[PDB]
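Next come the chains, spelled out residue by residue.
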Amino acid sequence: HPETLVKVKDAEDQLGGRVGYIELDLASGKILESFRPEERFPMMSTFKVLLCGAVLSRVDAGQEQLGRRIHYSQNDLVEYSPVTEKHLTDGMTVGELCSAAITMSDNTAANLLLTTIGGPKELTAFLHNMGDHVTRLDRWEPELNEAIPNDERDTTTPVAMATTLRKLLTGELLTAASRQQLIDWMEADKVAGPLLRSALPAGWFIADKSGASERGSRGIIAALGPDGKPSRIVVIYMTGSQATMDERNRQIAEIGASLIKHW
Ligand SMILES: *[B]([O])([O])[C]([C]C1=[C]C(C([O])=O)=[C][C]=[C]1)[N]C(=O)[C]([N])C1=[C][C]=[C][C]=[C]1
Ligand SMILES: [Ca+2]
């Protein structure tokens, strides 16, 4: 419950590796505070929000339909696919795949969606085309979690991710309906309980997306605020440590407690 930047630096002291952090005012885009804002970190599963941003952009362009049903085989399944592995017969709609990728971190869902847009290179092009010249996706799930330092593959920076997330959620890039659908999926996140959500007071809004590598790395991106409306964006990444998952979770939770206390 220290001052937030103090807590972030403390988390890095305890974990080893690097911790990156930024808080943006949602309305203005103003940077409120940051630590290692321009350094690269692996996105891990946080990329799944950007992926669904690209899918929605295609919907807005009349090139995709959220209701379109996709079928796949057992051979398409990769690890960490809790939703898709249950629909080998009936398949899933594009919208259902985005819900699964975002709310359950479903990897096969993400890969199927990557296929719809033309792969990691096209996600990167989508990002470049909306003004993010930093964030890059190079690999599919699960290889994108490899997190080699000093590998620039599959990385973002706290400020690039925060800025891009803000544009996807509030900008004129997506239609109002699509911006709302994206934040709705994030609001319905099911797997980030131990992170920022654990520090969230009653009545607050949060829409988020977490990510993990087996070893060394963790992250979360979020739009949150009091009184049922988001008012800030928070991005936290960690990488390059030997910290346990429990330790990584705890530090993010404590960073969350600090940023709430000192809101
Ligand atoms: B993702 O981080 O690219 C993916 C799926 C995953 C997400 C989350 C989360 O908090 O959203 C937690 C765990 C896994 N990561 C992986 O596929 C990675 N190989 C992995 C798998 C299991 C546990 C840790 C990392
Ligand atoms: Ca340090």
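Per the PDB entry, the protein chain goes by the name TEM-94 ES-beta-lactamase and belongs to Escherichia coli. Looking at the Catalytic activity (unreviewed entry) heading of the UniProt record, one finds this comment for the protein chain: "a beta-lactam + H2O = a substituted beta-amino acid".

The next thing to look at is the overall build of the protein chain. On a plain count of helices and strands, the protein chain comes out with eight helices and nine strands. Computed over the C-alpha atoms, the radius of gyration of the protein chain is 17 Å, within 12% of the 18 Å expected from 2.2 N^0.38 for a compact globule of 263 residues. Reported as C-alpha extents along the three principal axes, the dimensions of the protein chain are approximately 50 × 35 × 35 Å. Across the 263 residues in the protein chain, those meeting the buried criterion constitute 52%. When contacts within the protein chain are restricted to residue pairs at least 6 apart in sequence, long-range pairs at least 24 apart make up 64% of them. Between the mean site of the 28 positive side-chain charges and the mean site of the 36 negative ones, the protein chain shows a separation of 2 Å.

Moving on, we get to the site of ligand 1. By nearness alone, 17 residues border ligand 1, and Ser45, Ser105, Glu141, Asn145 and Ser210 come closest of all. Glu141 is positioned with one of its side-chain polar atoms (N or O) 2.5 Å from an oxygen atom of ligand 1. For ligand 1, the protein covers 86% of the area, taking 510 Å² as the surface of the free molecule. If one sorts the elements of the shell around ligand 1 by residue count, strand β7 (residues 205-212) sits on top with four residues. Each residue belonging to the shell around ligand 1 can be placed in one class, and the counts come to four nonpolar, seven polar and six charged.

What follows is about the state of the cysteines. Inspection of every chain in the model, using the stated rule, returns one disulfide. What pairs with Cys52 in a disulfide is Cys98, and their sulfur atoms sit 2.0 Å apart. Since a negative S-S torsion denotes a left-handed disulfide, the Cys52-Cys98 link at about -110° is left-handed. Within this pair, whereas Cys52 is found in helix α2 (residues 47-60), its partner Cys98 is found in helix α3 (residues 94-103), the two being separated by 46 residues in sequence. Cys52 sits in the buried class, given a relative accessible area of 0%.

Our next topic: the UniProt feature "binding site: Ca(2+) 2" (unreviewed entry) in the protein chain. Following the UniProt record, one finds the feature "binding site: Ca(2+) 2" (unreviewed entry) at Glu12 and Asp13. Counting through the fold element by element, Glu12 comes out in helix α1 (residues 4-15). Topologically, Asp13 is positioned in helix α1.

One pass over the full model with this rule turns up 18 salt bridges. Notably, a salt bridge pairs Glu39 with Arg18, separated by 3.0 Å at the nearest N-O pair. With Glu39 in the loop between β2 (31-35) and β3 (41-42) and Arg18 in strand β1 (residues 18-25), this pair connects stretches of sequence that are 21 residues apart. For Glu39, a relative accessible area of 30% gives the class partly exposed. The partner of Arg139 in a salt bridge is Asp154, with the nearest N and O atoms 2.7 Å apart. Of this pair, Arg139 sits in the loop between α5 (120-129) and β6 (155-156) while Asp154 sits in the loop between α5 and β6; the two residues are 15 residues apart in sequence, bridging distant segments of the chain. The two residues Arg139 and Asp154 agree in class, both being buried. Members of the salt-bridge network, linked through shared partners, are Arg139, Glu146, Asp151, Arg153 and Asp154.

Here is what the cut-offs are and how they apply
- Residues numbered from 1 in each chain as written, not as in the entry; some residues may be left out.
- Chains lettered and ligands numbered in written order.
- Heavy atoms only, no water.
- UniProt positions renumbered as here; feature names shortened; annotations may be inferred.
- Helix = DSSP H or I, 4+ residues; strand = E, 2+ residues; numbered from the N terminus.
- Rg over C-alpha atoms; globule rule 2.2 N^0.38 Å.
- Buried < 20%, exposed > 50% of the residue type's maximum accessible area, 1.4 Å probe, protein only.
- Contact = heavy atoms within 4.5 Å.
- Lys, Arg positive; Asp, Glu negative; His and termini not counted.
- Charge placed at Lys NZ, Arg CZ, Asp CG, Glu CD.
- Near = heavy atom within 4 Å.
- Polar contact = N/O pair within 3.5 Å; in protein donor to acceptor, adjacent residues only side chain to side chain.
- Areas by Shrake-Rupley, 256 points an atom, 1.4 Å probe, with all protein chains shown as cover.
- Nonpolar A, V, L, I, M, F, W, Y, C, P; charged D, E, K, R; others polar.
- Disulfide = S-S within 2.5 Å.
- Salt bridge = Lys/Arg side-chain N within 4 Å of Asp/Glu carboxyl O.

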